[PDB]
Number of protein chains: 2
Amino acid sequence: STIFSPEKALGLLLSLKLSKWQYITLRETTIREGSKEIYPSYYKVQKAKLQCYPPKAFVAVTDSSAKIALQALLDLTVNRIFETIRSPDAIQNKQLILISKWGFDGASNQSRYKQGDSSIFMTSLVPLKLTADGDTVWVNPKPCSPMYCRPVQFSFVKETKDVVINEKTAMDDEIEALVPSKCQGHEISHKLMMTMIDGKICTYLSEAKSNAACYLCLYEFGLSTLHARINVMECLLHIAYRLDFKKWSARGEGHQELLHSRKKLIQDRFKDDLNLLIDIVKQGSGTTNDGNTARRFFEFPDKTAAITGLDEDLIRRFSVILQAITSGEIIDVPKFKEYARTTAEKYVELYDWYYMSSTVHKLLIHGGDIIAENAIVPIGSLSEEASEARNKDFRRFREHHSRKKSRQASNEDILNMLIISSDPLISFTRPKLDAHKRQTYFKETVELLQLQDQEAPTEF
Amino acid sequence: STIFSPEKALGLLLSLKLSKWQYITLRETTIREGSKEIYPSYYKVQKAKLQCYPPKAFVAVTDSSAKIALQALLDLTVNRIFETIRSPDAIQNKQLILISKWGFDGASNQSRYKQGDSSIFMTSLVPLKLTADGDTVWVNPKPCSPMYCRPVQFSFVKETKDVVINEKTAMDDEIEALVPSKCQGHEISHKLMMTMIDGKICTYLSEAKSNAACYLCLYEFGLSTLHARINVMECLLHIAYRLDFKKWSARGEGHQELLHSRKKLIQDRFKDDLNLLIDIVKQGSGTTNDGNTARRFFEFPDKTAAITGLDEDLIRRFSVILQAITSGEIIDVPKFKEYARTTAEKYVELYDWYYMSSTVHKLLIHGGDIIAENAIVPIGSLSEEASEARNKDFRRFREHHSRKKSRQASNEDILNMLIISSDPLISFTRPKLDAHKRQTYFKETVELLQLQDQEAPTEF
DNA sequence: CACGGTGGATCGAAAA
DNA sequence: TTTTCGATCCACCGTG
DNA sequence: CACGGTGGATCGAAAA
DNA sequence: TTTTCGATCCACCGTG
């Protein structure tokens, strides 16, 4: 007999982001004005939380890192998504399977020059849909939202590709290491897709291309593995590297100095223009600073194409063809094919000195027919907004919410609040934003795309 | 017909420190669970706030600074303290006067090395009691609390003594510039005391002593003007400066180098010990870093007296006699007098080389009889906890609450939330602390003081 | 180094 | 017996 | 520069 | 007529 359910009061704690102290104070002030039934006491919130945890048999918590058993975590999640909204026993007869996207990335812990918090990265899983015979019973209303990035693991390690392959291999041991979920008198098998990637990890792990050659030219998407964004921007800035002589080679001692000084002044002017972070940053002598900035190369098409002096029209065409696929809309096979033909005419004509990179040519002659029979899927990688807000809350949880003790339970409580944000039982009432904020992109997309869609994604 | 009064809902916004967004979200979630009458909508909170403001005829708001008319502010405050708890028309007949303490100080805006927010300082007023014939009708339950530091002015200027005297003079023009308050069919005159001082401003403004001489030795409290703390610690560290030769003079080129290096190593070891901020800090070649640290010289009596190697017993005696006055307890005239005699015996004996400073000797021969007929009052300067939490909220209000616009209304909103924290109508439910936290100080106080007190101040 | 802030462990009592 | 619930207490961490 | 966050101005409608 | 109330919109400011 309480107004707020404890199961709703936990989501109330979520939306407000309160302390324990804040919550007890608010309840008690509601009390002292004669009204009792509104706020449940904190103890029932505690019980709701312990319910939302998986049992501590599977928690691996350290000062440095933490993880969970994928099996038990999936079972917990399907138990919840049972209980919350599935109209119970709408069907029992046909055998059920649960579909999920998964993956991970990280970021550096930017801080003052007087700080051990260096970087973080988080193994992650998101349930997308629950399938039965009559239909997929369950769907996520806002899949790309961070509301369902159930954490699987995280660690306090810099994003060095070695430990990246180590966690890669580990999770690849665990993919088959599941037994189907058994709960609620029901068996439900599982199925995963590894797509929740930042945009550099397939260049880390599938580097076997290395711009070597093009197989058809003489399957591998590139659009579904980092979206091939970084390669195109990297090769066009390599052109911007070679924008003085407009020649393939500069090797022998003829251009190195003025090349270096020209890129220095490009890096300067870009620091003036967009707060583009330093590109001579170490990174092992290779510049890849930001993939979101890589995208921001293409929302200023005319602007940065003037800054680089390349034909704004051509890179505008390519920005169009790039933003035309990941949106996942129906693309006309022959029209986009022959537009790739015309843009290739101009690409190969107006630039002869340098060579085409891997994924560009893979698109040029080869990409269209690949789009014909492709398994193109809007990659389940959480939105850039999602990942950014995730880092935001992570910083804050560690800073304004975490326990201050021997600090192992610190990261425990972090995982706790994360999985609470994950448990689909709580309908997490996110901070308000404009309803759609989905800017229908350039007219060159508007006519090169088709508006007959069983989707309308804002970002994914 | 709402559970929370808007006048209480504003204090509810205070205790929780919420956004507008947070408040509307919490109310609406209370709505969607069938219960309406609990939370008043934000509009009535708006009205409560505009009521709590003084009319904008008197607001002086800038990008840089802001102030109010003392007259109108006092009238607003007495109007509130009328309405809130005065049992109305308990008396009308006898003419009423209102007593208030006032003053100001500031602090630097400590920030990263990548920041215009440099320092702040705030003219301030606090109403203590309202007087009538039968009794002082109104008292403050927790006077030294920051709950009633009604802001009068503040500015974005470094604490340079020039503008300090300028604001000093300004407020001294305004003291007499009041007409008695007229509201509620009642006249009530006013009366102020300038005591809300940091601890350096009377050394700024009443520097006419300059350790020159002692008048009685051949009125001016020193205990009621900065409590004479900084002078005693400064002269004893000057002794610590001269703790190698233990002689008055070192002037000619004989000691300057090793003096400098010795104070360097003292500053080093103190940086290791307490996080004592740098003392060679510019300040115009004069070291006065922190008055709270000046106090913290005396809560480690044996510790820092060992670090300086001075007799821990003597400075322990002086710490006792200092903490024995501002607590305001009844002090036995002859016993404390003759204890000042004995501590003077040992002070003047064990140290002959240097000379006594002003306020020390003023205490020694002279201070006791001055305590006899003194106007000793526990100085109305807000607690160090109060001022610290004030800087804390100021930083946060500017950072997590302020409007982000042309930023004049920024400091407007700052003043707004401050005066809301001030309006005595709202019984501000502060963050919880231990009930008393009043450590009954050293036994040398316990017997040199008397326990027959119509006061028991935790800090003031 | 002392002093505010921290979700969850424990007390312990009362309840229940 | 369980179950609530307020009190505390942690051990660390900023700015002092 | 683009993108989340901000108390108070205005709309505007409905109410009232 | 007034009075509420949700929507928006500000123009700036961090980390990107």
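- Per the PDB record, the structure was determined using cryo-EM to 4.2 Å resolution.

### Focus on helix α12 (residues 333-350) of chain A
Residue and element names in this part refer to chain A.
Here comes step 1: Taking 1.5 Å per residue as the helical rise, α12 with its 18 residues ought to reach 26 Å, and the 25 Å between its terminal C-alpha atoms agrees with that figure.
Here comes step 2: Regarding α12, the residues found buried are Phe 336, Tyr 339, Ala 340, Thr 343 and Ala 344. Along α12, the residues classed as buried sweep out an arc of 145 degrees about the axis, all on the same side.
Here comes step 3: In the core, the buried residues of α12 are packed alongside α11 (312-326), α13 (358-364) and α17 (443-448).
Here comes step 4: Here α12 starts with a cap whose side-chain oxygen sits 3.3 Å from the backbone nitrogen of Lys 335, and that cap is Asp 332.

### Considerations on the pairing of strand β3 (residues 96-108) of chain B
Residues and elements named next belong to chain B.
Here comes step 1: Of the strand pairs in this sheet, β3 and strand β8 (residues 186-197) are connected by nine bridges, and their pairing is parallel. Bridge pairing links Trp 102 to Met 194 in β8.
Here comes step 2: Here twelve bridges tie β3 to strand β4 (residues 119-131), and the two strands are oriented antiparallel to one another. Paired with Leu 98 across the bridge in β4 is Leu 130.

### Description of the pattern of salt bridges
Here comes step 1: For the structure on display, the rule yields 26 salt bridges over all chains.
Here comes step 2: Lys 200 of chain A is paired through a salt bridge with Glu 159 of chain A; the nearest N and O atoms lie 3.9 Å apart. Taken together, the residues span a long stretch of sequence, with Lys 200 of chain A in the loop between β8 (186-197) and α6 (201-205) and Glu 159 of chain A in the loop between β6 (150-155) and α5 (161-176) at a distance of 41 residues.
Here comes step 3: Among the residues examined, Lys 200 of chain A registers a relative accessible area of 16% and is labelled buried.
Here comes step 4: Take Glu 159 of chain A: its relative accessible area is 24%, and that puts it in the partly exposed class.
Here comes step 5: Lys 56 of chain B is the salt-bridge partner of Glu 412 of chain B, the closest N and O atoms lying 3.1 Å from each other.
Here comes step 6: Residues joined by salt bridges that share partners form a network here, namely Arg 80, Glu 83 and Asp 423 of chain A.

Thresholds, definitions, all that
Residues numbered from 1 in each chain as written, not as in the entry; some residues may be left out. Chains lettered and ligands numbered in written order. Heavy atoms only, no water. Residues with missing side-chain atoms left out of burial classes, pairs and counts. Helix = DSSP H or I, 4+ residues; strand = E, 2+ residues; numbered from the N terminus. Expected span 1.5 Å × (residues − 1). Buried < 20%, exposed > 50% of the residue type's maximum accessible area, 1.4 Å probe, protein only. Arc of directions from axis to C-beta. Contact = heavy atoms within 4.5 Å. Polar contact = N/O pair within 3.5 Å; in protein donor to acceptor, adjacent residues only side chain to side chain. Pairing = 2+ DSSP bridges. Salt bridge = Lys/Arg side-chain N within 4 Å of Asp/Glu carboxyl O.

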